[PDB]
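Okay, so here's the structure we're looking at.
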Amino acid sequence: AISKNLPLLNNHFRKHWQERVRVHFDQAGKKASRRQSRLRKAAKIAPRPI
Amino acid sequence: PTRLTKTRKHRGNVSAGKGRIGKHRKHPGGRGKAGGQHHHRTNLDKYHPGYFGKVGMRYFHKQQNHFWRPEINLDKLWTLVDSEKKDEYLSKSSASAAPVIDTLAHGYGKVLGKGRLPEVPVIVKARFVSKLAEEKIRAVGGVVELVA
Amino acid sequence: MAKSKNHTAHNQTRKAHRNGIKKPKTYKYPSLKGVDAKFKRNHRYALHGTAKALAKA
Amino acid sequence: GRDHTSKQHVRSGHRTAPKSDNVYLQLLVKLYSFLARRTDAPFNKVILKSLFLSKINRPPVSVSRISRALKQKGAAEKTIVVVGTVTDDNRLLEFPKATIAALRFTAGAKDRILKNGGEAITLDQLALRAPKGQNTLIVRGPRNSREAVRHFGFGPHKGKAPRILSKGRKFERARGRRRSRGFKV
RNA sequence: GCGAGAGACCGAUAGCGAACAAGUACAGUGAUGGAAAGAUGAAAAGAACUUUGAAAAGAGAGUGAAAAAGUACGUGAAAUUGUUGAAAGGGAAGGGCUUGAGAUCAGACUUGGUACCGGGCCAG
RNA sequence: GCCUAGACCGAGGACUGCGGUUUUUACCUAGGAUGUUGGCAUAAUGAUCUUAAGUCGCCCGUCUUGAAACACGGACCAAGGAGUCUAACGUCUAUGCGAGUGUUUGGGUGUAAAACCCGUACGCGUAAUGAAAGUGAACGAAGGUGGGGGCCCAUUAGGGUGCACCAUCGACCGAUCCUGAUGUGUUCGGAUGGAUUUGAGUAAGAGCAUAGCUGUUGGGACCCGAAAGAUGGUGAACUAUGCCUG
RNA sequence: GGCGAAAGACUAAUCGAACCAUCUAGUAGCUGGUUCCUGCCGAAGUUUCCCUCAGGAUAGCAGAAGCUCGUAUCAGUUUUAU
RNA sequence: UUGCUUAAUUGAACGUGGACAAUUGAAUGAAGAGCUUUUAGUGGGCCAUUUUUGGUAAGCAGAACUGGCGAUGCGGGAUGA
RNA sequence: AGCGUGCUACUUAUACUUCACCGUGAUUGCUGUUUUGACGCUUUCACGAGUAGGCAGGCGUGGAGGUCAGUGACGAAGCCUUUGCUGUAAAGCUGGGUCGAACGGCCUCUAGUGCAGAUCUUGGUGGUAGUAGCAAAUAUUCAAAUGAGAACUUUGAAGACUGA
RNA sequence: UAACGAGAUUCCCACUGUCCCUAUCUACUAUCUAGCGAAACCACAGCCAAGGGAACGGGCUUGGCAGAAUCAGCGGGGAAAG
RNA sequence: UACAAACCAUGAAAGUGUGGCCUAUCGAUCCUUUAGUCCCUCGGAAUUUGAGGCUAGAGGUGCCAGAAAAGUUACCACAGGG
RNA sequence: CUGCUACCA
RNA sequence: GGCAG
Ligand SMILES: [Mg+2]
Ligand SMILES: [Mg+2]
Ligand SMILES: [Mg+2]
Ligand SMILES: [Mg+2]
Ligand SMILES: [Mg+2]
Ligand SMILES: [Mg+2]
Ligand SMILES: [Mg+2]
Ligand SMILES: [Mg+2]
Ligand SMILES: [Mg+2]
Ligand SMILES: [Mg+2]
Ligand SMILES: [Mg+2]
Ligand SMILES: [Mg+2]
Ligand SMILES: [Mg+2]
Ligand SMILES: [Mg+2]
Ligand SMILES: [Mg+2]
Ligand SMILES: [Mg+2]
Ligand SMILES: [Mg+2]
Ligand SMILES: [Mg+2]
Ligand SMILES: [Mg+2]
Ligand SMILES: [Mg+2]
Ligand SMILES: [Mg+2]
Ligand SMILES: [Mg+2]
Ligand SMILES: [Mg+2]
Ligand SMILES: [Mg+2]
Ligand SMILES: [Mg+2]
Ligand SMILES: [Mg+2]
Ligand SMILES: [Mg+2]
Ligand SMILES: [Mg+2]
Ligand SMILES: [Mg+2]
Ligand SMILES: [Mg+2]
Ligand SMILES: [Mg+2]
Ligand SMILES: [Mg+2]
Ligand SMILES: [Mg+2]
Ligand SMILES: [Mg+2]
Ligand SMILES: [Mg+2]
Ligand SMILES: [Mg+2]
Ligand SMILES: [Mg+2]
Ligand SMILES: [Mg+2]
Ligand SMILES: [Mg+2]
Ligand SMILES: [Mg+2]
Ligand SMILES: [Mg+2]
Ligand SMILES: [Mg+2]
Ligand SMILES: [Mg+2]
Ligand SMILES: [Mg+2]
Ligand SMILES: [Mg+2]
Ligand SMILES: [Mg+2]
Ligand SMILES: [Mg+2]
Ligand SMILES: [Mg+2]
Ligand SMILES: [Mg+2]
Ligand SMILES: [Mg+2]
Ligand SMILES: [Mg+2]
Ligand SMILES: [Mg+2]
Ligand SMILES: [Mg+2]
Ligand SMILES: [Mg+2]
Ligand SMILES: [Mg+2]
Ligand SMILES: [Mg+2]
Ligand SMILES: [Mg+2]
Ligand SMILES: [Mg+2]
Ligand SMILES: [Mg+2]
Ligand SMILES: [Mg+2]
Ligand SMILES: [Mg+2]
Ligand SMILES: [Mg+2]
Ligand SMILES: [Mg+2]
Ligand SMILES: [Mg+2]
Ligand SMILES: [Mg+2]
Ligand SMILES: [Mg+2]
Ligand SMILES: [Mg+2]
Ligand SMILES: [Mg+2]
Ligand SMILES: [Mg+2]
Ligand SMILES: [Mg+2]
Ligand SMILES: [Mg+2]
Ligand SMILES: [Mg+2]
Ligand SMILES: [Mg+2]
Ligand SMILES: [Mg+2]
Ligand SMILES: [Mg+2]
Ligand SMILES: [Mg+2]
Ligand SMILES: [Mg+2]
Ligand SMILES: [Mg+2]
Ligand SMILES: [Mg+2]
Ligand SMILES: [Mg+2]
Ligand SMILES: [Mg+2]
Ligand SMILES: [Mg+2]
Ligand SMILES: [Mg+2]
Ligand SMILES: [Mg+2]
Ligand SMILES: [Mg+2]
């Protein structure tokens with residue numbers, strides 16, 4: 001269980017971690033939709049600054 | 001890539017490099033840091049001495065912002081002077097007009113005294129300085145101005 | 001039930017002679033670790049004065 | 001049968017080529033393979049071997065090392081040769097006028113060298129102004145200053161650095177590092 | 001849940017258990033458990049008619065590009081099996097090496113040059 | 001010294017060499033086979049397949065000191081079938097930049113999950129040491145000595161200069177112990193000089209990032225395998241016992 | 001839990017603790033298996049510690065990558081002296 | 001040179017300078033020496049000669065040195081780790 | 001053709017000697033003739049056992065970027081086959097037959113990538129083997145009808161049984 | 001301890017194929033045919049003796065030997081199967 | 001075991017003495033407790049209690065590199081082991 | 001010295 | 001290791 005001259009690790013994976021894995025596949029989609037929300041909000045109230 | 005792994009080369013050989021006697025098993029020796037005082041003592045004593053035990057006093061609710069104090073040495077102190085005006089300052093600097101080096105505004109808490117300064121007066125503004133850093137700054141005709 | 005071989009030095013000289021047996025390297029200056037502290041203390045001053053005299057010469 | 005006094009079919013254990021696939025490094029190896037094969041100058045054989053070396057075996061050479069090598073007696077006008085990267089040193093108070101041939105220059109190092117009236121040339125320009133390496137001086141960087149070497153040969157009473165992820169009072173300082181906690185090694 | 005667009009994903013023992021009248025058939029008193037199963041052909045053009053037969057079917061014929069595609073449907077491997085042909089075989093058979101015999105395959109008269117020049121192979 | 005019988009082989013592919021004979025800038029047996037004759041090209045020759053003969057040949061896989069074993073799995077065939085991915089890491093290598101490095105949390109932009117662009121912070125590194133309060137790295141050409149590739153002067157040798165690195169003696173920083181100057185909120189300060197003590201330190205930075213193999217730890221963790229434990233439910237159509245009614 | 005004129009009997013072919021689903025791919029120092037070719041190198045069953053004795057860690061043996069050099073000064077051997 | 005040591009101008013250690021050159025001071029050999037990192041399998045062994053302990057002995061149990069088998073085919077011992 | 005001893009010849013191992021070829025390690029040289037391969041060509045010498053294990057170089061499979069303006073209904077893929085060729089090999093290519101719609105070479109990327117075994121999984125198929133067997137409950141028989149076909153159906157005649 | 005007992009035990013009378021020691025008879029099988037038609041098991045298979053060998057071989061070594069295809073039985077072996 | 005720096009004992013002195021003439025006579029982390037420094041910390045700033053640190057002992061693990069631990073199974077189960 | 005009560009190295 | 005006779 002302990003072998004060689006290696007750093008001693010703290011890998012906190014003893015719970016059911018695989019049920020709580022959030023992978024951000026939607027990073028680009030959220031960026032684009034965030035931009036669209038930002039444009040719509042600006043155009044609604046123009047020329048008043050957002 | 002999997003095509004570069006030795007799993008591809010072990011195909012056709014019975015034991016996949018794990019041995020016929022040893023027989024790759026689930027967890028011989030325990031899991032994690034098990035047996036660190038019993039059967040992995042020879043490993044922890046050799047490679048991680050000091051692992052077991054307590055040293056020093058605890059500090060409940062330690063806020064690391066209190067201890068922020070980045071160091072800058074004297075051999076690196078003139079890098080905070082504007083690059084476009086460094087040579088002019090190194091030539092025309094005198095007691096009547098010496099460059100001001102604001103170390104806190106550049107992100108440093110203490111001025112330490114490693115290295116040698118140009119023999120040129122400077123005004124160094126610091127939160128903290130070491131004794132030798134200030135002695136070396138005064139020796140070139142400069143001064144340390146404490147700020148907060 | 002579990003009576004096995006107790007001890008044997010068989011094959012131990014073969015393993016020692018695969019890569020050994022290597023003699024330690026010799027150097028011109030041995031370490032003065034373990035040498036008498038009073039001698040080492042004075043030898044420091046003697047070397048310092050010798051270096052000063054040769055530098056001045 | 002033969003009674004073998006040595007291990008059979010043993011490779012030399014030295015690089016005979018760069019591991020790199022950079023075509024321009026291969027052209028440099030071509031030039032110095034020809035020079036080492038044909039000039040009898042030991043410099044060209046050393047340069048050819050050094051072009052094979054890996055990255056950790058070609059540590060960066062600070063412009064301060066070059067300044068110190070040029071401060072050797074009778075070496076002020078020698079051509080400094082670095083098979084590797086020449087880095088800048090903002091701790092210098094001054095740099096001399098010098099000719100330096102290197103694989104790579106950082107922006108600060110090259111700027112300082114040219115600012116002080118010197119030249120920053122490549123090893124192919126070197127092979128034309130000094131095809132036998134005349135009046136040269138090879139400068140190598142520190143190999144044992146690497147961080148990985150701190151942990152090599154760790155053991156009791158060896159004084160090396162433990163392989164550890166965090167640093168502090170709670171991380172490998174009590175038992176075996178202190179007589180108040182048992183023993184110290 | 002509703003509506004969309006995709007993928008270096010899987011390709012009918014895979015992918016959901018389910019590509020099909022699949023949470024179906026079926027089991028269990030019950031809670032529950034839970035399959036197998038896609039493919040003629042472009043088009044049924046799914047073989048009229050004659051003949052043997054109690055019939056199923058067969059034989060002719062016919063459709064089709066193909067029936068070496070007939071729904072017991074694309075291709076149609078292996079295990080296993082029938083027939084024909086070849087060979088061997090005294091309490092197993094099978095294998096390697098070597099040669100004989102038989103069978104198969106190959107190659108220099110070359111991309112030969114002009115009666116001759118010269119070449120290929122096997123030998124003295 | 002001389003004569004004489006047989007077997008196997010013929011690698012190489014202009015010349016270059018060493019010798020020999022020299023009648024000779026020629027020839028040879030001397031840095032590896034040529035000459036000549038016959039036959040054949042519908043074939044002598046070669047390969048494979050089947051089979052006979054001679055000779056040898058135990059059933060593979062596995063655990064094991066030891067298997068053909070009277071040890072275990074295997075009737076046969078097809079299809080499926082077992083070191084993976086991830087978080088954090090060690091070594092090595094390649095690459096970019098380098099006292100810095102890392103665009104991609106986000107913002108801009110777009111031919112729209114792409115490509116392209118932007119910067120503050122932050123992470124790691126550039127300083128260590130002490131439990132901590134704290135303190136914090138040049139006597140000197142960043143030291144001396146012995147080596148040290150390479151370079152310079154030479155001309156066997158010899159001299160000069162000697163990076164990396166090795167051995168060694170020192171210097172500097174923090175901790176520990178000792179000494180204790182001018183002074184003072186008279187108990188603080190801590191100059192100065194030391195000590196067979198100690199640190200994962202300084203001593204002209206080397207790191208950061210991406211990727212790859214290998215190795216590590218946690219994860220289903222190479223694949224299949226318990227006897228058990230727990231949570232929530234379904235059964236007295238069998239059967240055990242009581243009751244009611246026949 | 002039931003039920004037992006008591007056998008640990010019976011409780012739907014299930015009883016020294018039923019059946020169903022889930023936790024659950026439970027854990028296994030133990031058994032079994034672990035899929036292409038050629039080339040080069042090539043072991044160990046020993047040391048120390050371990051509720052250690054069918055297991056680990058540690059050292060040894062082995063491979064790989066090399067690096068600094070280039071006859072420098074090495075050796076499972078002899079001789080001579082001690 | 002020293003703060004060590006000596007009654008000392010004595011020593012101890014480390015040095016500056018000078019002399020002794022390839023028979024630089026025995027043999028034989030040297031597919032070179034030195035150095036580093038990292039990681040696998042293994043941690044049931046067994047046999048022969050010789051030394052050897054317990055046992056009447058054992059194809060028994062336990063040690064020493066070497067060589068082997070394991071991990072290895074080939075020729076011989078008919079057969080056989 | 002036994003035992004003790006001496007001698008001569010002779011027999012033959014993957015051992016030794018010479019030579020050929022393969023590979024590994026080292027080694028000689030190669031740029032004014034380097035000359036579209038220098039990760040190449042070339043000179044020389046030595047060496048080759050191997051479980052567990054390590055490393056290297058290759059063979060093969062599904063999919064991806066690029067390329068061959070690649071093959072293909074004038075027949076792709078698959079399958080069968082003493083048609084053969086190439087490679088030490090993993091394998092590649094090819095003749096003939098069958099077949100009917102896609103597929104490959106090369107430079108790279110990637111992985112759910114290679115089976116003889118796991119009392120492996122699912123499906124399929126043998127030998128056993130025309131074998132074990134089809135034997136409790138007393139029992140059937142003649143004729144006619146029907147039908148292509150009657151031990152077994154129907155009807156008649158008989159013989160029996162269950163035996164309230 | 002009267003009575004009771006598919007309880008354990010000894011002796012006696014009667015009785016007998018339990019035995020000396022076997023024989024004969026009946027039906028149904030087995031057997032042969034028509035029809036129908038499984039399964040266990042199976043590394044490959046199937047003659048011995050000795051040897052050596054994991055110390056009890058079908059295979060190996062050395063001998064004996066050895067001639068198609070088979071039927072009913074049988075229980076030595078297959079260290080037979082489960 | 002031999003020194004270094006102290007402070008001592010003894011002897012006229014040189015010397016000798018860091019327990020027993022030598023080879024055995026013993027004990028980690030965590031926790032507690034005592035001695036020492038009266039030093040560091042209790043983190044908004046202080047005082048005094050209290051607590052926590054630093055250095056050295058002691059309380060103990062004899063399975064002595066150091067778990068906290070009674071049986072039975074003839075009702076039994078599983079993984080294996082020749 | 002008996003009884004009761006208590007038990008983190 | 002605390003009480004108590
Ligand atoms: Mg391995
Ligand atoms: Mg195995
Ligand atoms: Mg193991
Ligand atoms: Mg223990
Ligand atoms: Mg053992
Ligand atoms: Mg050989
Ligand atoms: Mg921890
Ligand atoms: Mg303690
Ligand atoms: Mg399906
Ligand atoms: Mg399904
Ligand atoms: Mg179909
Ligand atoms: Mg067709
Ligand atoms: Mg068809
Ligand atoms: Mg068909
Ligand atoms: Mg077939
Ligand atoms: Mg017969
Ligand atoms: Mg033949
Ligand atoms: Mg023939
Ligand atoms: Mg030839
Ligand atoms: Mg034989
Ligand atoms: Mg086994
Ligand atoms: Mg076993
Ligand atoms: Mg055994
Ligand atoms: Mg075997
Ligand atoms: Mg046997
Ligand atoms: Mg058995
Ligand atoms: Mg077994
Ligand atoms: Mg079996
Ligand atoms: Mg398959
Ligand atoms: Mg930064
Ligand atoms: Mg600090
Ligand atoms: Mg440094
Ligand atoms: Mg439990
Ligand atoms: Mg009821
Ligand atoms: Mg009872
Ligand atoms: Mg009972
Ligand atoms: Mg029941
Ligand atoms: Mg019960
Ligand atoms: Mg599993
Ligand atoms: Mg399970
Ligand atoms: Mg075990
Ligand atoms: Mg070898
Ligand atoms: Mg075992
Ligand atoms: Mg290991
Ligand atoms: Mg080990
Ligand atoms: Mg073992
Ligand atoms: Mg073994
Ligand atoms: Mg052998
Ligand atoms: Mg033999
Ligand atoms: Mg014999
Ligand atoms: Mg005789
Ligand atoms: Mg021969
Ligand atoms: Mg080999
Ligand atoms: Mg192997
Ligand atoms: Mg796939
Ligand atoms: Mg086309
Ligand atoms: Mg085709
Ligand atoms: Mg079609
Ligand atoms: Mg393509
Ligand atoms: Mg797979
Ligand atoms: Mg299979
Ligand atoms: Mg296998
Ligand atoms: Mg099976
Ligand atoms: Mg099956
Ligand atoms: Mg029958
Ligand atoms: Mg019957
Ligand atoms: Mg009656
Ligand atoms: Mg009764
Ligand atoms: Mg058998
Ligand atoms: Mg027999
Ligand atoms: Mg026997
Ligand atoms: Mg048998
Ligand atoms: Mg025989
Ligand atoms: Mg019978
Ligand atoms: Mg029998
Ligand atoms: Mg005295
Ligand atoms: Mg004393
Ligand atoms: Mg305490
Ligand atoms: Mg507070
Ligand atoms: Mg203690
Ligand atoms: Mg113990
Ligand atoms: Mg112990
Ligand atoms: Mg119990
Ligand atoms: Mg008992
Ligand atoms: Mg046994």
Side-chain angles (χ1 to χ4, degrees), chain A, chain D residues 7 9-15 18-20 52-60 62 84-85 87 140-185:
Chain A
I2 315 174
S3 190
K4 279 75 70 177
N5 186 14
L6 290 165
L8 295 175
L9 303 174
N10 289 318
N11 288 321
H12 291 82
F13 294 98
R14 281 155 193 85
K15 316 189 190 179
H16 289 77
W17 66 274
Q18 293 179 176
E19 300 162 357
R20 291 179 298 285
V21 180
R22 173 77 166 102
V23 178
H24 297 269
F25 292 119
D26 63 333
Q27 183 180 23
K30 276 186 153 188
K31 188 179 155 66
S33 66
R34 192 182 300 116
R35 279 173 63 80
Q36 293 298 109
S37 301
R38 190 179 298 115
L39 291 175
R40 280 191 255 100
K41 179 195 181 77
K44 195 212 205 191
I45 61 157
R48 179 162 87 77
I50 59 173
Chain D
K7 198 184 290 287
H9 306 129
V10 166
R11 293 173 302 273
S12 51
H14 309 99
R15 280 192 177 187
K19 195 89 185 76
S20 178
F52 305 157
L53 289 168
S54 74
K55 186 186 183 186
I56 68 155
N57 290 318
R58 309 178 278 98
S62 180
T85 295
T87 63
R140 303 190 268 192
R143 274 199 195 173
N144 280 13
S145 294
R146 204 164 49 107
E147 208 272 326
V149 190
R150 297 205 312 146
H151 316 286
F152 288 167
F154 188 95
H157 320 290
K158 289 305 181 54
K160 305 308 299 281
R163 268 164 188 160
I164 199 175
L165 290 189
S166 291
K167 209 190 181 186
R169 88 176 167 77
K170 298 196 307 184
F171 308 106
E172 294 179 354
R173 291 200 191 271
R175 173 196 165 270
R177 289 301 289 170
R178 195 169 299 253
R179 293 181 184 271
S180 76
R181 289 307 181 270
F183 60 95
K184 176 190 174 310
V185 297

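Here is the naming used below: chain letters follow the sequence lines, and residue numbers restart at 1 for every chain. Worth knowing before you read on, the calculation uses all heavy atoms, side chains too, and leaves out hydrogens, waters and symmetry mates.
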field: All pairs passing side chain to side chain donor-acceptor pair (under 3.5 Å) where residues 33-50 of chain A contributes a residue, at least two apart
entry: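 Residue pairs passing side chain to side chain donor-acceptor pair (under 3.5 Å), neighbours aside: none found.
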message: For residues 172-185 of chain D, which residue pairs pass the side chain to side chain donor-acceptor pair (under 3.5 Å) check, not counting sequence neighbours?
response: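 Checked against side chain to side chain donor-acceptor pair (under 3.5 Å) - neighbours excluded - the pairs reaching residues 172-185 of chain D are B:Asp45-D:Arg175.
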message: As an exercise, state the distance from CD1 of D:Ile56 to CZ of D:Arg143, rounded to the nearest 0.5 Å.
response: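 One finds 7.5 Å between CD1 of D:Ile56 and CZ of D:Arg143.
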query: Restricting to pairs with a member in residues 147-185 of chain D, which pass ring-ring contact (aromatic ring centres under 6.0 Å, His included), not counting sequence neighbours?
result: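 Counting only pairs at least two positions apart or across chains, no ring-ring contact (aromatic ring centres under 6.0 Å, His included) contact touches residues 147-185 of chain D.
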query: Does the D:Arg58 side chain pair with the main chain of D:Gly84, one donor and one acceptor, at a distance under 3.5 Å?
result: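 No, the answer is negative, given that no donor and acceptor are paired below the 3.5 Å cut-off.
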Residues in residues 2-26 of chain A that sit under 4.5 Å from chain D, counting heavy atoms only: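 Residues A:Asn5, A:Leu6, A:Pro7, A:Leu8, A:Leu9 are the ones that qualify, each having a heavy atom under 4.5 Å from chain D.
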task: Looking only at non-hydrogen atoms, find the nearest pair between D:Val185 and D:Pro156 and report the distance.
output: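 Heavy atoms only, the tightest pair is CB-CB, 4.0 Å.
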